[PDB]
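Reviewing the structure listed below.
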Amino acid sequence: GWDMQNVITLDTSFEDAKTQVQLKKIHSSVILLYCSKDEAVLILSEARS
Amino acid sequence: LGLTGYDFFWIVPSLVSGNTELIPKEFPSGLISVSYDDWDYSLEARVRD
């Protein structure tokens, strides 16, 4: 009985475009993150921000 | 953050709604506010009172 809230795809720039808005609609849950390490560092830094 | 829409009714006091002729573009429509009347309660009525 999984509860898959949403699917997020940050195709464009992370800290510039509308991507942040998507990252802002995530609530307290488990985040399955799939990306390369170089950009995963940026994604996790933005998530901490 | 998705907190503005048809379901959220932001209600704010006269402190932010002063100077009604100037409206920032980031104020959502339907922003309920209360203020001292400047339309019906005229200046002559003010002086007379």
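Please note that chains go A, B, ... in the order of the structure tokens, that every chain numbers its residues from 1, and that ligands are numbered from 1 in the order shown.
Within chain A, residues classed as alpha helix (DSSP H) by DSSP on backbone coordinates are residues 19, 20, 21, 22, 23, 24, 37, 38, 39, 40, 41, 42, 43, 44, 45, 46, 47 and 48 of chain A.
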Please save N, CA and C atoms of the selected residues as an mmCIF file, in the first residue's frame.
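The new file part_38.cif reads:
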```cif
data_model
loop_
_atom_site.group_PDB
_atom_site.id
_atom_site.type_symbol
_atom_site.label_atom_id
_atom_site.label_comp_id
_atom_site.auth_asym_id
_atom_site.auth_seq_id
_atom_site.Cartn_x
_atom_site.Cartn_y
_atom_site.Cartn_z
ATOM 1 N N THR A 19 12.223 24.768 -10.848
ATOM 2 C CA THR A 19 12.477 23.508 -10.154
ATOM 3 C C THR A 19 12.296 23.639 -8.648
ATOM 4 N N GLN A 20 12.791 24.733 -8.059
ATOM 5 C CA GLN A 20 12.664 24.930 -6.619
ATOM 6 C C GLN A 20 11.218 24.785 -6.166
ATOM 7 N N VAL A 21 10.279 25.338 -6.939
ATOM 8 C CA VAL A 21 8.866 25.240 -6.583
ATOM 9 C C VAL A 21 8.469 23.785 -6.396
ATOM 10 N N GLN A 22 8.860 22.923 -7.336
ATOM 11 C CA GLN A 22 8.586 21.500 -7.178
ATOM 12 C C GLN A 22 9.229 20.962 -5.907
ATOM 13 N N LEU A 23 10.502 21.292 -5.681
ATOM 14 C CA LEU A 23 11.168 20.826 -4.471
ATOM 15 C C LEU A 23 10.496 21.372 -3.221
ATOM 16 N N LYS A 24 9.713 22.443 -3.357
ATOM 17 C CA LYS A 24 9.044 23.013 -2.199
ATOM 18 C C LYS A 24 7.738 22.309 -1.861
ATOM 19 N N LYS A 37 26.568 11.919 -9.002
ATOM 20 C CA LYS A 37 27.086 12.474 -7.757
ATOM 21 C C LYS A 37 27.327 13.974 -7.868
ATOM 22 N N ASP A 38 27.870 14.423 -9.002
ATOM 23 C CA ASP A 38 28.201 15.835 -9.159
ATOM 24 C C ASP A 38 26.964 16.715 -9.039
ATOM 25 N N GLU A 39 25.849 16.294 -9.633
ATOM 26 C CA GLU A 39 24.610 17.045 -9.492
ATOM 27 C C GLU A 39 23.823 16.661 -8.249
ATOM 28 N N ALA A 40 24.025 15.453 -7.720
ATOM 29 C CA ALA A 40 23.371 15.095 -6.467
ATOM 30 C C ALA A 40 23.877 15.945 -5.314
ATOM 31 N N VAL A 41 25.142 16.365 -5.362
ATOM 32 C CA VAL A 41 25.647 17.287 -4.349
ATOM 33 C C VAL A 41 24.846 18.583 -4.374
ATOM 34 N N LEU A 42 24.618 19.124 -5.573
ATOM 35 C CA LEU A 42 23.828 20.345 -5.698
ATOM 36 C C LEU A 42 22.398 20.127 -5.228
ATOM 37 N N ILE A 43 21.806 18.986 -5.586
ATOM 38 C CA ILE A 43 20.426 18.710 -5.191
ATOM 39 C C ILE A 43 20.307 18.640 -3.676
ATOM 40 N N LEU A 44 21.233 17.940 -3.020
ATOM 41 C CA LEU A 44 21.169 17.821 -1.568
ATOM 42 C C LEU A 44 21.449 19.155 -0.886
ATOM 43 N N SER A 45 22.365 19.956 -1.440
ATOM 44 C CA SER A 45 22.603 21.282 -0.880
ATOM 45 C C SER A 45 21.357 22.151 -0.983
ATOM 46 N N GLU A 46 20.676 22.105 -2.128
ATOM 47 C CA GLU A 46 19.444 22.868 -2.284
ATOM 48 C C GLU A 46 18.365 22.367 -1.335
ATOM 49 N N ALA A 47 18.277 21.049 -1.152
ATOM 50 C CA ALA A 47 17.298 20.492 -0.223
ATOM 51 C C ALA A 47 17.573 20.949 1.202
ATOM 52 N N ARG A 48 18.847 20.981 1.599
ATOM 53 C CA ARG A 48 19.192 21.519 2.910
ATOM 54 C C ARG A 48 18.809 22.988 3.010
#
```
Can I get the residues of chain B within 12 Å of chain A, each with the closest pair of atoms and their distance in Å to one decimal, using only C-alpha atoms, sorted chain first then ascending number, as JSON lines?
```
{"residue": "B:1", "atom": "CA", "partner": "A:24", "partner_atom": "CA", "distance": 5.7}
{"residue": "B:2", "atom": "CA", "partner": "A:25", "partner_atom": "CA", "distance": 7.1}
{"residue": "B:3", "atom": "CA", "partner": "A:25", "partner_atom": "CA", "distance": 9.9}
```
Could you please take those selected residues and save N, CA, C and O atoms as a PDB file, in the first residue's frame?
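Done, and the output landed in selection-v2.pdb:
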```
ATOM      1  N   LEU B   1       5.205  28.170  -2.336  1.00  0.00           N
ATOM      2  CA  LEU B   1       4.985  26.985  -1.520  1.00  0.00           C
ATOM      3  C   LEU B   1       3.612  26.364  -1.745  1.00  0.00           C
ATOM      4  O   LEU B   1       3.269  25.388  -1.070  1.00  0.00           O
ATOM      5  N   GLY B   2       2.824  26.898  -2.672  1.00  0.00           N
ATOM      6  CA  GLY B   2       1.502  26.358  -2.920  1.00  0.00           C
ATOM      7  C   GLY B   2       0.480  26.673  -1.853  1.00  0.00           C
ATOM      8  O   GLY B   2      -0.502  25.939  -1.711  1.00  0.00           O
ATOM      9  N   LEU B   3       0.681  27.749  -1.094  1.00  0.00           N
ATOM     10  CA  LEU B   3      -0.246  28.151  -0.044  1.00  0.00           C
ATOM     11  C   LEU B   3      -1.206  29.243  -0.496  1.00  0.00           C
ATOM     12  O   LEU B   3      -1.928  29.800   0.335  1.00  0.00           O
TER      13      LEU B   3
END
```
Skip residue 29 of chain A itself and residues of its chain fewer than 4 positions away, then list as number ranges by chain all residues within 12 Å of it, counting only C-alpha atoms. A: 2-6, 25
Write out the residues from the selection above, keeping N, CA and C atoms, as a tab-separated table (two decimals), in the first residue's frame.
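Just written: result.tsv:
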```tsv
chain	number	residue	atom	x	y	z
A	2	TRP	N	1.75	1.36	-0.97
A	2	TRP	CA	2.65	2.49	-1.04
A	2	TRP	C	1.89	3.78	-1.31
A	3	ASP	N	2.47	4.89	-0.86
A	3	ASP	CA	1.89	6.22	-1.02
A	3	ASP	C	2.91	7.05	-1.80
A	4	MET	N	2.87	6.94	-3.13
A	4	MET	CA	3.79	7.67	-3.99
A	4	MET	C	3.22	9.06	-4.21
A	5	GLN	N	3.79	10.06	-3.53
A	5	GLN	CA	3.23	11.40	-3.56
A	5	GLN	C	3.35	12.02	-4.95
A	6	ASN	N	4.55	12.02	-5.52
A	6	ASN	CA	4.77	12.70	-6.79
A	6	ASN	C	6.07	12.24	-7.42
A	25	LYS	N	7.21	21.46	-2.74
A	25	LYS	CA	5.95	20.80	-2.46
A	25	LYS	C	6.13	19.40	-1.89
```
Selection: 6 Å around residue 11 of chain B, only C-alpha atoms, excl. self and same-chain fewer than 2 positions, as a count of residues only: 3
Name the residues in contact with residue 18 of chain B at a cut-off of 12 Å, using only C-alpha atoms, excluding same-chain residues fewer than 4 positions from it; report them as a list in words.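 My list of contacting residues is residues 12, 13, 14, 22, 23, 24, 33, 34, 35, 36, 37 and 38 of chain B.
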